[PDB]
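For the record, the sequence lines run as chains B, C and A. One point on numbering: in PDB author numbering, the residue at position 19 of the first sequence is 322, and numbering is uninterrupted. One point on numbering: in PDB author numbering, the residue at position 207 of the second sequence is 207, and numbering is uninterrupted. One point on numbering: in PDB author numbering, the residue at position 58 of the third sequence is 160, and numbering is uninterrupted. Note that CB positions come from ideal geometry on N, CA and C, so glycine has one too.
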Amino acid sequence: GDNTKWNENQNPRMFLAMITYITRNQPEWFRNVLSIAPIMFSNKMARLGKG
Amino acid sequence: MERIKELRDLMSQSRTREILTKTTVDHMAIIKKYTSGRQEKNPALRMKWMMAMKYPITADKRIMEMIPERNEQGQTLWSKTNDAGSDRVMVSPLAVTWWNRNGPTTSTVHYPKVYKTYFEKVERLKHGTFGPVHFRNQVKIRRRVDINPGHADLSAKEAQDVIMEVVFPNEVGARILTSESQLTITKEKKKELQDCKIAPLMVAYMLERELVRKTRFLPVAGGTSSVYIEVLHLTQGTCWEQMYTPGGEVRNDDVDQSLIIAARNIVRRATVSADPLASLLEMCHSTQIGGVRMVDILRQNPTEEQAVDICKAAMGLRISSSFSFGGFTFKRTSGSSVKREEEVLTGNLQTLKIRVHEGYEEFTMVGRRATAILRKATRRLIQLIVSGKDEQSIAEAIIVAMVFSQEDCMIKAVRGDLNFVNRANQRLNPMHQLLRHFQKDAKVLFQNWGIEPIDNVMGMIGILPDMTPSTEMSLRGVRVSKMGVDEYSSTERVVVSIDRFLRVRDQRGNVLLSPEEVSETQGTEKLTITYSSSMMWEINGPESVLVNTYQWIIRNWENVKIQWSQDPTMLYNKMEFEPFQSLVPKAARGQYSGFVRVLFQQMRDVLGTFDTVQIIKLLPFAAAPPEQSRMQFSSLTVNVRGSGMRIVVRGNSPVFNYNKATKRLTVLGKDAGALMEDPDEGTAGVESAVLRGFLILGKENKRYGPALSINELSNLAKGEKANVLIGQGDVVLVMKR
Amino acid sequence: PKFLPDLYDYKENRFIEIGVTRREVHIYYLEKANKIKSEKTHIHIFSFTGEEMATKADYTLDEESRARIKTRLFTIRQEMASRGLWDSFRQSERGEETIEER
RNA sequence: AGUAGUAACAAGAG
RNA sequence: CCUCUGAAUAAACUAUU
RNA sequence: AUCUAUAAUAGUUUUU
Ligand SMILES: *O[C@H]1[C@@H](O)[C@H](n2cnc3c(N)ncnc32)O[C@@H]1COP(=O)(O)OP(=O)(O)OP(=O)(O)OC[C@H]1O[C@@H](n2c[n+](C)c3c(=O)[nH]c(N)nc32)[C@H](O)[C@@H]1O
Ligand SMILES: [Mg+2]
Ligand SMILES: [Mg+2]
């Protein structure tokens with residue numbers, strides 16, 4: 304099998320949820336440093352290119 | 001003095017001072033990679049483009065003072081234009097080839113020492129011996145092998161620490177070489193490198209090439225030793241094997257491992273023979289390990305292993321009834337046991353099988369720095385007496401004895417992320433994994449083992465889970481003494497008698513070893529093993545045995561078919577099926593035999609139903625003494641690398657699959673050949689070699705009601721037709737003879 | 103040494119471990135001896151109350167410099183007590199050599 | 001013109 | 001006219017050192 | 001019997 308447009312349908316928010324579930328019962332600093340990445344990726348911008 | 005003057009000069013300037021002041025040691029690494037950019041994306045295209053230029057090479061300015069600007073014919077060798085982002089100049093390959101023919105000559109006598117490994121490769125190739133080339137059916141297996149042997153008892157981090165200590169004594173940070181091997185190697189290399197005159201960095205790289213061990217996953221056949229893996233491209237092919245022996249010196253541990261593997265294979269294949277002793281003798285006399293006859297090694301090699309001892313006893317040599325475990329030499333003084341596969345649940349919620357030995361037994365353990373006497377029962381440590389040198393030795397002996405006892409307390413003490421499979425999903429030995437886990441830290445093991453008051457007898461000291469010498473209570477069943485050694489008698493090879501069925505007995509008459517005590521593990525050899533006989537696959541691994549058995553049946557299908565039709569009694573007794581019979585589970589062999597034979601009889605009673613594939617598939621299973629029964633088998637198992645792989649009676653299977661479009665047989669993914677069609681084949685869609693007392697008539701017939709399972713066919717009578725769910729999701733109408 | 107010592111003495115040719123204790127000296131000395139697990143490293147412990155301890159009751163320096171250290175410790179303690187900062191500074195010694203990631 | 005193919009080259013810059 | 005220049009995505013793995 | 005040490009370079013795999 305192949306999955307059509309895998310990366311255009313996966314959402315950063317679901318990765319945030321998965322990380323939150325994985326890091327349960329862990330120190331808060333670890334959870335924050337892991338959670339920053341999905342937070343930054345759900346507010347990302349795209350450069351258009353040369354023109 | 002030069003360093004400090006240059007530092008002062010740099011600090012005088014502004015940009016250099018700012019760089020040196022604002023930059024930490026950590027950021028020195030970042031600025032070291034700092035660059036404007038290496039705009040190279042196609043190195044091959046760029047090289048082809050550049051080689052057409054006049055001056056593609058870069059050289060230091062010293063070249064202007066050492067090589068003339070032009071050669072005899074006036075061709076320019078270099079120019080004064082600098083390379084952007086540096087001060088080096090541009091030069092032509094003509095300069096390189098002019099230097100190679102007219103440059104000053106030096107003394108390159110120490111290069112073989114700096115690059116000793118490659119010249120050692122050259123020497124090994126030079127003195128190697130080439131044998132014949134054999135065309136066969138190669139079965140390469142993907143395994144981890146070693147490409148850089150390095151040092152025997154060292155790892156990557158330890159080797160790097162040793163290199164740092166030897167070459168950079170003041171840069172070792174906080175590391176201290178605690179292992180005895182590391183200290184000994186460091187002293188030896190410092191003695192060797194005493195008063196060395198080679199640059200420290202190159203000495204570090206030399207020591208890296210000499211000491212660091214490197215391993216990789218490769219598809220290998222034959223030996224997995226470093227010397228045999230460097231020439232793997234030459235010795236093994238897709239259809240051929242080249243006999244070759246490296247010309248260097250062979251390590252003793254590799255010889256021991258190869259001998260153990262060969263002895264285990266030989267004994268396992270000999271047990272299934274009608275006269276095991278003669279078969280074992282001839283197999284030993286027809287086997288070589290790394291170009292050396294096996295008998296010579298058996299004479300001059302002191303290895304403690306069951307199969308090796310059986311081989312020695314067959315050859316009339318004195319043996320030792322000892323084996324190895326956890327680095328200790330165990331020797332059963334009394335008692336007996338039987339192996340049994342028992343499923344257990346690990347402390348960290350893992351389910352695994354273990355080979356539990358039942359019965360009561362007494363052993364004596366001898367170690368390089370410890371000694372003990374052990375008495376145990378089935379998964380129960382009756383008592384242990386340890387007389388080690390210091391606390392560490394006694395702790396190690398205690399851990400080894402605890403793991404050896406197969407105690408449930410030991411199993412439940414497993415914690416953390418301990419895995420019982422390889423990174424490639426290959427099974428690992430549970431006992432070795434437990435030993436490695438508990439040797440790192442046994443605090444939980446000791447805490448959960450238990451405590452018990454002691455009787456204070458003979459002055460033997462106690463021991464607590466904290467590893468301290470108590471006198472009131474100690475670890476359950478464990479005692480610490482000082483006068484227990486009895487080490488000389490360990491190396492006391494005794495004269496023994498070997499029975500026809502490979503039962504080693506003492507002079508008194510007590511049984512010491514038997515084939516049942518040999519390990520069932522199917523390992524691989526460090527040195528290549530060569531077997532000379534009609535069947536060069538007689539003592540090979542399971543996959544090779546299977547593929548070659550079916551290939552032999554296919555190749556000789558004419559006379560085999562005639563013999564099966566006429567005189568089946570002699571066909572089942574072929575010597576070719578015995579290696580296959582070794583793979584079948586013992587307790588099942590007879591049963592399977594019976595089953596298969598009955599099918600063949602029916603296949604002869606009912607004419608017009610002659611499927612070649614069925615006979616070829618089931619023939620190897622009829623080589624054992626039959627045991628009559630009424631059981632119905634839908635598949636027959638074979639032990640491959642510790643897993644029970646099934647062969648389905650009807651239809652294709654993962655192991656044995658036949659393709660009608662190409663008329664080709666595949667065994668474990670290897671092509672065993674193409675069957676040749678016979679005019680006598682029954683082209684009527686009727687199968688008479690699937691069920692023990694039933695004949696498959698056709699596809700599903702809804703008249704006779706819903707289908708029923710295979711095991712529920714015992715209720716039928718003569719002439720009754722019924723639908724059966726025999727096969728992979730297939731329902732067929734059958735009748736009972 | 104197994105751990106970084108504070109000073110090295112060439113005259114005695116030995117590593118010296120220095121400690122400043124806000125509690126009683128003996129408990130701190132026992133803690134340091136347990137941690138380092140050595141007998142070749144000279145240990146010298148001071149306190150803000152003027153107390154002192156050392157290995158084998160050996161004091162490498164003369165009494166003048168020891169008195170100078172004692173008066174410096176007393177002066178700093180007095181300064182801290184004037185501002186009322188001494189109570190926590192004494193109560194925070196136990197949780198001092200620990201890393202709390204933030 | 002030609003290469004080529006979802007956008008470019010068929011010299012660019014100072 | 002003259003001077004210079006011919007173009008380096010992420011992750012994992014493989015090989016060599 | 002186990003076997004993921006680091007860093008450099010190149011090659012391969014990962015489309016509505
Ligand atoms: O490389 C493999 C093997 O070739 C190598 N090896 C074995 N022997 C030597 C010697 N003598 N020198 C150098 N190298 C040697 O070590 C590797 C072993 O591989 P593997 O086949 O997986 O191990 P094995 O199958 O032999 O089982 P193992 O756990 O090592 O047990 C060794 C030995 O101890 C017997 N044994 C275990 N237990 C719990 C026993 C018991 O309770 N009662 C009795 N009587 N025996 C017990 C094992 O069955 C083996 O006999
Ligand atoms: Mg796919
Ligand atoms: Mg300190």
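Original post:
Looking at residue 167 of chain C and residue 211 of chain C, is the spacing between their C-beta atoms short of 8 Å?
Top reply: Using a Cβ distance threshold of 8 Å, residue 211 of chain C and residue 167 of chain C do not count as a contacting pair.
**OP:** Can you say whether residue 161 of chain C is buried or exposed, counting buried as having 16 or more other CB atoms within 10 angstroms of its CB?
**Re:** Buried, by the Cβ-count rule.
Original post:
Got a sec? Which residues, its chain only, sit under 6 Å from residue 452 of chain C by beta carbon, not counting five neighbours each side?
Top reply: When the five nearest sequence neighbours on each side are left out, the beta carbons in the same chain lying within less than 6 Å of the beta carbon of residue 452 of chain C are those of 476, in order along the chain.
Subject >> Bridge-paired residues (DSSP) for residue 342 of chain C >> reply: Paired residue(s): C:354.
**OP:** With a cut-off of 8 Å on the beta carbons, I'd call residue 546 of chain C and residue 668 of chain C a contact; round off their distance for me.
**Re:** Confirmed, Cβ separation roughly 6 Å.
Subject >> residue 228 of chain C versus residue 307 of chain C: straight-line alpha-carbon distance, rounded >> reply: Straight-line Cα distance between these residues: approximately 25 Å.
Subject >> Counted within 10 angstroms of its Cβ, other Cβ atoms place residue 346 of chain B as buried (16 or more) or exposed >> reply: So residue 346 of chain B ends up on the exposed side.
Original post:
In three-state terms, what does DSSP make of residue 671 of chain C?
Top reply: Residue 671 of chain C: strand per DSSP, three-state reduction.
Original post:
Hey, how far is the Cα of residue 505 of chain C from the Cα of residue 271 of chain C?
Top reply: Their Cα atoms are separated by approximately 17 Å.
Original post:
Are the beta-carbon atoms belonging to residue 775 of chain C and residue 317 of chain C less than 8 Å from one another?
Top reply: For residue 775 of chain C there is no data in the structure shown, the boundaries of chain C being 1 and 737.
**OP:** Specify the secondary structure class of residue 115 of chain C as computed by DSSP and reduced to three states.
**Re:** Residue 115 of chain C carries a coil assignment under DSSP once its states are collapsed to helix, strand and coil.
Subject >> Segments of 3+ residues assigned as beta strand (DSSP E) that fall wholly inside the stretch 525 to 602 of chain C >> reply: Within the stretch 525 to 602 of chain C, the complete beta strand (DSSP E) runs of at least 3 residues are 529 to 531.
Original post:
Is it true that the stretch 117 to 132 of chain A meets the stretch 146 to 153 of chain A, where meeting means three or more beta-carbon pairs spaced less than 8 Å apart?
Top reply: Between the stretch 117 to 132 of chain A and the stretch 146 to 153 of chain A, the count of C-beta pairs closer than 8 Å reaches three or more; the two stretches touch.
Subject >> Between the CA atoms of residue 392 of chain C and residue 462 of chain C - distance to the nearest angstrom >> reply: So the alpha carbons of these two residues sit roughly 15 Å apart.
**OP:** Starting from residue 727 of chain C, follow its DSSP beta bridges and name the residues at the other end.
**Re:** Looking at the DSSP output, residue 727 of chain C sits in no beta bridge, so it has no partner there.
**OP:** Check whether the Cβ of residue 83 of chain C lies closer than 7 Å to any heavy atom of ligand 2, and answer yes or no.
**Re:** No, since every heavy atom of ligand 2 falls outside the 7 Å radius drawn around the Cβ of residue 83 of chain C.
Original post:
If you draw a straight line from the C-alpha of residue 213 of chain C to the C-alpha of residue 181 of chain C, how long is it?
Top reply: Roughly 15 Å separates the two Cα atoms.
Original post:
Looking at residue 187 of chain A and ligand 3, is the gap between the Cβ and the nearest heavy atom below 7 Å?
Top reply: Incorrect: residue 187 of chain A has no Cβ contact closer than 7 Å to ligand 3.
**OP:** Count the CB pairs spanning the stretch 117 to 135 of chain C and the stretch 235 to 247 of chain C that are closer than 8 Å, and state whether there are at least three.
**Re:** Short answer: they touch.
**OP:** Please report how far the alpha carbon of residue 146 of chain C lies from the alpha carbon of residue 291 of chain C, in whole angstroms.
**Re:** When rounded, the distance between both Cα atoms is 21 Å.
Subject >> Distance cut-off 7 Å: residue 108 of chain A Cβ against heavy atoms of ligand 3 >> reply: Residue 108 of chain A: yes, Cβ under 7 Å from ligand 3.
Original post:
What is the rounded straight-line gap between the Cα of residue 252 of chain C and the Cα of residue 147 of chain A?
Top reply: Straight-line Cα distance between these residues: approximately 57 Å.
Subject >> Close Cβ partners of residue 696 of chain C (< 6 Å) along its chain, the five nearest in sequence each way excluded >> reply: Excluding sequence neighbours, residue 696 of chain C sits near 687, 690, 732, 734.
Subject >> Residues of its chain near residue 158 of chain C, where Cβ-Cβ distance is below 6 Å and the 5 sequence neighbours each way are ignored >> reply: For residue 158 of chain C, same chain residues with a beta-carbon under 6 Å away, outside a window of 5 residues either side, are 182 in chain order.
Subject >> From C:365, C:516, C:178, C:427, residue whose alpha carbon lies closest to that of residue 488 of chain C >> reply: Of the candidates C:365, C:516, C:178, C:427, the one whose C-alpha sits nearest the C-alpha of residue 488 of chain C is C:365.
**OP:** Could you tell me which uninterrupted beta strand (DSSP E) segments, each at least 3 residues in length, are contained entirely in the stretch 177 to 233 of chain C, listed from first to last along the chain?
**Re:** Runs of the beta strand (DSSP E) inside the stretch 177 to 233 of chain C: 214 to 220.
**OP:** Check whether the Cβ atoms of residue 221 of chain C and residue 138 of chain C lie closer than 8 Å to each other.
**Re:** The answer is yes: Cβ separation under 8 Å.
Subject >> Any 3 or more C-beta pairs closer than 8 Å across the stretch 707 to 720 of chain C and the stretch 651 to 667 of chain C >> reply: Taking 8 Å as the limit for Cβ pairs, the verdict is that the stretch 651 to 667 of chain C does not touch the stretch 707 to 720 of chain C.
Original post:
If we count Cβ pairs, one from each stretch, closer than 8 Å, do we get three or more for the stretch 92 to 99 of chain C versus the stretch 71 to 78 of chain C?
Top reply: The stretch 92 to 99 of chain C vs the stretch 71 to 78 of chain C: in contact.
Original post:
How big is the Cα-Cα spacing for residue 142 of chain C and residue 239 of chain C?
Top reply: When rounded, the distance between both Cα atoms is 17 Å.
Subject >> residue 106 of chain C - DSSP class collapsed to helix/strand/coil >> reply: The three-state secondary structure of residue 106 of chain C, taken from DSSP, is coil.
Subject >> Cutoff 7 Å; reference residue 82 of chain C; Cβ partners in own chain excluding five residues on either side >> reply: Result list for residue 82 of chain C: 88, 89, in chain order.
Subject >> Under 8 Å between C-beta atoms of residue 309 of chain C and residue 324 of chain C >> reply: In this structure, residue 324 of chain C does not lie closer than 8 Å to residue 309 of chain C by Cβ.
Original post:
residue 304 of chain B: beta carbon under 7 Å from a heavy atom of ligand 2?
Top reply: Between ligand 2 and residue 304 of chain B, a heavy atom-to-CB distance of less than 7 Å is present.
Original post:
By the 10 Å Cβ neighbour count, where 16 or more other Cβ atoms means buried, how is residue 548 of chain C classified, buried or exposed?
Top reply: Buried, because 16 or more other Cβ atoms sit within 10 Å of the Cβ of residue 548 of chain C.
**OP:** State yes or no: is the C-beta of residue 563 of chain C within less than 8 Å of the C-beta of residue 570 of chain C?
**Re:** If you check the CB distance, residue 563 of chain C and residue 570 of chain C come in under 8 Å.
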